Amino acid sequence: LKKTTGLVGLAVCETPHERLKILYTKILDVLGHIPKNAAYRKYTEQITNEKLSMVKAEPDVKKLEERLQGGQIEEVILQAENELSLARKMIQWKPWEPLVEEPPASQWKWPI
Amino acid sequence: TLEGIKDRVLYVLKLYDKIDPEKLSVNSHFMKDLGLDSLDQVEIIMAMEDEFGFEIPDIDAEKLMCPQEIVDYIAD
Amino acid sequence: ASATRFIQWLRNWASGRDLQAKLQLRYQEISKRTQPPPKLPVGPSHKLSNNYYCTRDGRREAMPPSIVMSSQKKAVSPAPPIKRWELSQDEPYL
Amino acid sequence: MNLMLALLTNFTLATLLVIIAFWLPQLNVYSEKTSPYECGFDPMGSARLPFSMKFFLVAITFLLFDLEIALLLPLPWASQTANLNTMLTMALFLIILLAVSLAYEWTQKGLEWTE
Amino acid sequence: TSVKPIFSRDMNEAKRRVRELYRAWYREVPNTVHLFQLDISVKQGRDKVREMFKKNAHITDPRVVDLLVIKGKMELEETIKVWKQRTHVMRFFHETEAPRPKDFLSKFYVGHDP
Amino acid sequence: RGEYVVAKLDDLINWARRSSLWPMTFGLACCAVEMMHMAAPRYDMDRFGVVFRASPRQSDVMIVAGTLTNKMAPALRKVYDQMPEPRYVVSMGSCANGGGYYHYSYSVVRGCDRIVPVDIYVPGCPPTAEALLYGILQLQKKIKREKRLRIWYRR
Amino acid sequence: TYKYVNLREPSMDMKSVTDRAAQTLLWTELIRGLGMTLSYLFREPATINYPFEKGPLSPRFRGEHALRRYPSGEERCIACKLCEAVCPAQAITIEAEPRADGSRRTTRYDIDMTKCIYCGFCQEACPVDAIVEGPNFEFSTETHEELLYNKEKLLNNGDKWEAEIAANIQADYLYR
Amino acid sequence: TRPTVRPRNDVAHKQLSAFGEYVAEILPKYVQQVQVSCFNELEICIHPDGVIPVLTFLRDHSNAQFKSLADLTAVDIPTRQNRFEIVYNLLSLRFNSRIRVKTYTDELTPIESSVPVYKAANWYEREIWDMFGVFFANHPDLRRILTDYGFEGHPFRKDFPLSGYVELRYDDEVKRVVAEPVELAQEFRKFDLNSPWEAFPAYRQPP
Ligand SMILES: CCCCCCCCCCCCCCCCCC(=O)OC[C@H](COP(=O)(O)OCCN)OC(=O)CCCCCCCCCCCCCCCCC
Ligand code: SF4
Ligand code: SF4
Ligand code: SF4
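These residue numbers run from 1 along each chain by written sequence and may not equal the entry numbers. Residues without coordinates are not shown. Here the convention is simple: chains get letters from A, ligands get numbers from 1, in the order in which they are written. In this view, a larger assembly is represented only partially, and all stated values concern the represented chains. Remark: hydrogens and water are excluded; side-chain values derive from all non-hydrogen atoms of the structure.

The record names cryo-EM as the way this model was obtained, at a resolution of 2.4 Å.

Now the structure itself:
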């Protein structure tokens, strides 16, 4: 086990593989409540499964960080927490719905 | 003391310079009798808050347009 | 530069360094205040032929932005993940 | 008399210098000059408002410890007693108990300032 | 004519916010005169407060009223916390400014400004 | 002769005041860096008796070293007013002199002489540390020319 | 590549633990710091004896402005107003008209030295080397008005400083 | 091979285009336009209602991770009915990339405060309110930050004059600093610099 993650305020995780399986599984369950054809569901399920496959395949924490390519394993866990929080918020926002409103005629015309 | 409550309320009115004590009565309407406008009414209400010592939220104050209506509100 | 031997030894001993070799006051080692005139080079556009400005006009090659989507499959990231930094072989630990 | 003369001279000279300082220079008094200083902006509230003391417990302890030195100052004279067995014991007893109280206040976090 | 509101759905809600701000300013004038040590009286301070409210009495847009109340509250927080100085509080009174005429003839003599 | 005595006494007080000038620790922007360089070893203003002190009560000179904004103007006037007399002001750099390169700004005072009287104007953006040192020595010679007691005598 | 500035594990052998005990009780690292200020006491200081000695400058130095002439004494300035156009501070004001002869010359040429940022763009912009920033930096004044230079003041500056100015341009013009 | 011309980087342009439409696919409810500049900067143009969903997605999404708000500012374009353009410049350390998110508002329409997403936005939004008058809803503490106390107006608006309306001086009669209508001993000289010949045909607008 590492002595430190090197980032102030990010504590070393005793059981990183177990924590990552729990978080990715929670993300996938939350994604199951998003509409099937929503792009957020399709892309996030795709990337979440890929990371989950690496977590199962590779038991060595040093080697797992090499595959995931997302920093320290504690940075990966934090990112999975962030994604899980985002998924819950996306359900209430529902950004897969059509555009709320077109902008005025030349709102984005530069130069004027 | 409903009698005194009238006594104290009218005491305040007599000082509010824009209110002429000559034309005031317990049933005068601040707008159509004394000729005051809204922010005068707000100042009058704030005087009664000082004299009696309890809040009058804006919802309640904007109905008190006659001295009697203040007297009645004070009772409650 | 004019300090006596004893004072040189005293202040060298006090600081723990050899101060005389790296004096913070400048003497004769600095450049002369009168220098020979320069003769500066010319840039690559100094040519008498094969030098039409339209072929080396940076401003006129700038284009308006490319519209990707207007309101009129594998997931991607803005770029590949950043490669992890390596410890200095020069001196990993200060 | 020597001592009272020395004390009178010291404070008289100090008073004389203050008198010169106040009566010799040219004065120009107005409101803005004599207003309280606070880095260019007017102070917020009075400077007589309560100022929290975070070392209040140490300050009270200072009282009890300051009386110990009054009890320990006579020790150079106490060393002249023939009954040296008793004084040494009692001298050491007092200091040890002073050390014990410091250890007790230290361990109980009395020396740490409140937040 | 469908727009996003700031605070008030309509002008009756807005006027409730305006009355509340007037009370806060009215209560504050006695303290401001004391803390800042002003040579004006409390009546003068309250008259100035009243004057500032009446210059905007013709607004009919709740969003515009919401903003004036928002700005009026920041203005008040600056005063209560003494972030303002005496100079900022007295800028409302324009003491050093000479009176500009309003009649035609006086304007005619001084210059060309309408 | 009273004339001779007051003449000598002006020399004494003038010499004391110009030989012990204590500037307020007061700086606003870029030009404060050159002021720091004047305190640095190469020029060592302290060798002239010029010592920075933070308190206005213990200061003789305000060096206005940098841009004066409208927001800072009351504060600068406050600390100038709180200086005991005699007091002097040195305006340092284009910003303090007349607004400089923010002259047309809505938030900038167009010269610190709108707020305080100024004894010496030091030009530059920023003036070199040596240009400021020249300005301080020019203030010393101005103080050396003061005729307070001679004028008092002839009143 | 990166390095760690403060990531050390201290030795716990008896010698290292006693060396730290002596340091704490005997203040060895505090005495070492006294030695360093002692060593400066016996160094020669860096102070120069201003105004008898001066800080070194180079030919490029941007100081007080001056208007220059040709060797014949004719003004170099032709009232082209390029310096006025480029001035970042709008510190230059110019008026011009045909002189009594046919020459194109200025009737007004002002520099507000309290607007100027001493940036040197005016001398870069000038096509005839008429306006320059000279080497003078000792022109502090007692009044603000003395820093609002009109054409007479600037021509006097050029006549006053031309000997030094021409030599400085001679040293630097091949870099321009 | 052209010493004076800035080289193109078509790899980065390709990557940013792909990500730009990836964001448009996930957030269609809000995204109104996506473009990539010739110097390879990606801009997302969104409906103002989507400031929180869009910024939250960019911060938290595993393929975004724009954990740093580099800059937040406004631009005033008086010719538009929504004259103020709000610009978010974000940086993703994980993917060593930057993205710009833009929205719009007018003088009376509030924009949602993004302090819940980026605590860095607290002072940036006070500056926008101070210098442009854009109101940010649910800001923990919205007040002027740069202008003098009691200052009136929003100086960075294009119709606010360069020198403002008031100036300060010390008045001896009242013994305080006073504010008075601005008079300039020398008026700022407006220059007409634009050449009447078109410089960049690539940006010509239809007649
Ligand atoms: C045979 C039986 C004999 C019995 C007796 C035997 C005992 C002998 C050995 C006893 C120990 C001797 C030293 C005792 C002096 C006090 C030492 C001390 O307390 O210093 C430590 C103190 C704490 O600092 P710190 O390291 O941060 O904290 C430690 C853990 N909390 O840190 C400090 O105090 C640092 C103080 C900082 C300020 C210092 C500024 C001046 C430094 C230069 C002073 C040089 C001393 C010159 C003395 C002049 C003498 C007249
Ligand atoms: S005068 Fe120049 S250097 Fe000094 S504060 Fe102004 S801009 Fe900065
Ligand atoms: S040096 Fe710069 S600011 Fe000064 S006059 Fe020349 S161009 Fe203008
Ligand atoms: S000084 Fe030079 S740039 Fe300026 S108007 Fe004269 S010739 Fe033109």
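1. Topic: the overall build of chain H
In terms of helices and strands, chain H carries three helices and nine strands. Mapped in sequence order, the helices and strands of chain H form the string α-β-β-α-β-β-β-β-α-β-β-β. In this description the radius of gyration comes from C-alpha coordinates, and the expected globular size is given by 2.2 Å times residues to the power 0.38. Its C-alpha atoms give chain H a radius of gyration of 21 Å, clearly above 17 Å, the size a compact globule of 207 residues would have. When its C-alpha atoms are laid out on the principal axes, chain H stretches across 70 × 50 × 35 Å. Segments assigned H or I by DSSP are reported as helices when at least four residues long, segments assigned E as strands when at least two residues long, and all are numbered from the N terminus.

2. Quick look at the site of ligand 2
Residue and element names in this part refer to chain F. Whether a residue is near a molecule or strand is decided by its heavy atoms; if any one of them lies within 4 Å of it, the residue is near. Residues in contact with ligand 2, as listed here, are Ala-29, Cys-30, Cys-31, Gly-66, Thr-67, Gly-93, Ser-94, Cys-95, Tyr-102, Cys-125 and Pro-126. Sorting elements by how many residues they give to the shell around ligand 2 places helix α4 (residues 93-98) first, with three residues. As a working rule, the residues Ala, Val, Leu, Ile, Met, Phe, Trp, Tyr, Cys and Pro are called nonpolar, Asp, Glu, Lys and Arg charged, and the rest polar, with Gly in that last group. Taken together, the residues of the shell around ligand 2 break down into seven nonpolar, four polar and no charged.

3. Things to note about the sheet that holds strand β5 (residues 148-149) of chain G
All names here are of chain G. Reading across the sheet, the three strands line up as β2-β3-β5 and stay open at both edges, with antiparallel pairing between neighbours. With partners counted over all chains shown, the strands left at the sheet margins are β2 (92-98) and β5, one partner each. Here, a strand pair is defined by DSSP locating no fewer than two bridges between the strands. Here two bridges tie strand β3 (residues 104-112) to β5, and the two strands are oriented antiparallel to one another. Paired with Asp-112 across the bridge in β5 is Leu-148. Together, β3 and β5 form the strand contacts of helix α5 (residues 151-172), whose direction differs from that of β3 by roughly 95 degrees. Between two residues, a contact is recorded if the distance between any of their heavy atoms is within 4.5 Å. Angles run from 0 to 180 degrees between N-to-C directions of axes, and those axes are lines fitted to C-alpha atoms, restricted for helices to the stretch in contact.

4. Remarks on the interface of chain H and chain A
Contact residues are listed per partner, giving 34 residues for chain H and 35 residues for chain A. Buried area: the sum, over both parts, of the accessible surface (1.4 Å probe) that disappears when the two are put together. Around 2900 Å² of area is buried between chain H and chain A when both sides are counted, 59% of it from carbon and sulfur atoms. Any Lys or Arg side-chain nitrogen located within 4 Å of an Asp or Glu carboxyl oxygen qualifies as a salt bridge. Along the contact surface separating chain H from chain A lie two salt bridges. For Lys-29 of chain H, the salt bridge is made with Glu-97 of chain A, and the minimal N-O distance between the two is 3.4 Å. Residues adjacent in sequence count toward polar contacts only when both atoms are side-chain atoms; beyond that, a polar contact is any pair of N or O atoms within 3.5 Å, and within protein one must be able to donate a hydrogen and the other to accept it. There are 19 residue pairs in polar contact connecting chain H and chain A. Elements with a contribution of two residues or more to the side of chain H that touches chain A: α1 (10-26), β1 (31-36), β2 (42-46), α2 (51-60) and β5 (97-105) of chain H.

5. Considering the packing of aromatic side chains
For this analysis, a ring pair means two rings from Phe, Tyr or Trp (six-membered ring only for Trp) whose centres lie within 6.5 Å, classed as stacked if their planes differ by under 30 degrees, edge-to-face if by over 60, and tilted for the remaining angles. Summed over all chains, the structure comprises 29 aromatic pairs over all chains. Ring pairing ties together the aromatic residues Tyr-43 of chain A together with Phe-19, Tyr-22 and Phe-66 of chain H, which thus form one cluster. Directly above the aromatic system of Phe-93 of chain E lies the positively charged group of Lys-48 of chain E, at a separation of 5.4 Å from the ring centroid. Here the basic side chain of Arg-87 of chain F rests over the ring of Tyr-80 of chain F, its NZ or CZ set 4.2 Å away from the ring centre. Throughout this description, the term charge over a ring refers to an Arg CZ or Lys NZ atom that lies within 6 Å of the ring centre and within 35 degrees of the ring normal.

6. Concerning the environment of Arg-47 of chain F
Looking at the secondary structure, you find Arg-47 of chain F in the loop between α2 (31-39) and β1 (61-65). Excluding residues within four positions of it along the chain, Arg-47 of chain F makes contact with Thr-47, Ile-48, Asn-49 and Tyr-50 of chain G. At 2.8 Å, the side chain of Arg-47 of chain F forms a polar contact with the backbone oxygen of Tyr-50 of chain G.

7. Considerations on the side chain of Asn-12 of chain C
Within the fold, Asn-12 of chain C resides in helix α1 (residues 5-15). Discounting residues that sit within four places of it in the chain, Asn-12 of chain C has contacts with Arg-17, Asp-18, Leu-19 and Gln-20 of chain C.

8. Focus on the site of ligand 3
Around ligand 3 sit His-65, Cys-87, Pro-88, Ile-92, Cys-116, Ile-117, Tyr-118, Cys-119, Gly-120, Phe-121, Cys-122 and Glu-133 of chain G, and that is every residue in its neighbourhood. A breakdown of the residues in the shell around ligand 3 according to their chemical character gives nine nonpolar, two polar and one charged.

9. Some words on unusual backbone geometry
Residue and element names in this part refer to chain F. Of the consecutive residues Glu-85 and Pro-86, the connecting peptide bond is found in the cis state with omega at 0 degrees. Position of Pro-86 among the secondary structure elements: in the loop between α3 (73-81) and β2 (88-92). Here the residue pair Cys-125 and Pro-126 is connected by a cis peptide bond, since its omega of -5 degrees sits within 30 degrees of zero. Summarising the element assignment, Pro-126 is placed in the loop between β3 (120-122) and α5 (129-144). The phi dihedral of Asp-44 falls on the positive side, at around 45 degrees, and the residue is not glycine. Looking at the element boundaries, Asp-44 is found in the loop between α2 and β1.

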